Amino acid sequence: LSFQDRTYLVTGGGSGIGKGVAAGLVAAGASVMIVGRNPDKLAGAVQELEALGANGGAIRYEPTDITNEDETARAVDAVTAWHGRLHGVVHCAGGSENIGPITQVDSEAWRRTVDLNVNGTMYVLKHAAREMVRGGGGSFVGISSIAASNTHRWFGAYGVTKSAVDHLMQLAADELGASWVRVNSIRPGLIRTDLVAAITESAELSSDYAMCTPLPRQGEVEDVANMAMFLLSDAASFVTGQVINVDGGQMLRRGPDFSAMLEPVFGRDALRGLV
């Protein structure tokens, strides 16, 4: 239940979900290192997060392009060297550059998404895992997506790669349980971030998501932060290998239909293939 005097690494800690997770931990008295691509945002987030955690919290940043393994490895060394032990990780770094039919998918955009999500995650887990095993245990939380649990027509590499990441969390849980390192995935549904204010505020797509979602609201960053913190905590010490949706129940229905956005740009025939 407590996080005081524990140290965590948070990737994509500069905005959206990662920032919320970092906020939560620092406010609970944890030491956090946030890593991400943009030193501007990272620095900004740090001065802000520092206001929280008058409760013993601490915050640091290291700019890191997680598609380069050396940079990931260095960041993991630094967070571990901070107090000597790395208690956990929340991996929120990851992206999506594709939107369109599989038959016309931009292969460079696809390959970038694979590198970021699949390889990026592997580097973070590989190196974080080494220290958590040496430290006598810990908890790794991967942030996936409902795109992995429910097909999102025209999202190309997003759900494909997030499915890989979910499998990698389960594989690692299997391998690392003997070392008391728990590994779990969270798949958020529609969460309100500045990143996705186009969708959340659009009449057609907000309406489609709402019809797919049993609970009558959209998600919030705090919803995902709460699950991550629970899974990092000792209250989940027998929970590993799980893949858990924080999505208002959307996985019980279907992924969203982005027709209304895409039909005027691609035409209906392209959306069922047909080049």
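All residue numbers are counted from 1 along the displayed sequence.
Stretches 83-91 and 198-206 differ in mean C-alpha B factor, with the higher average recorded for 198-206.
Annotation for 98-106 versus 123-131: the higher mean temperature factor (C-alpha) is found in 98-106. The entry lists C-alpha B-factors for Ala54, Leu232, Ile244, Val239, and the highest of these is at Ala54. Between the residues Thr193, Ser149, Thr72, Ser139, it is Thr193 that shows the highest Cα B-factor in the PDB record. Sort the modelled residues of the chain by CA B factor and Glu220 lands in the middle third. Sort the modelled residues of the chain by CA B factor and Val10 lands in the lowest third.
Among all modelled residues in its chain, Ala58 ranks in the highest third by Cα B-factor. Split the chain's modelled residues into thirds by C-alpha temperature factor. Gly18 is in the middle one.
Per-chain ranking of the deposited C-alpha B factor places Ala45 in the highest third.
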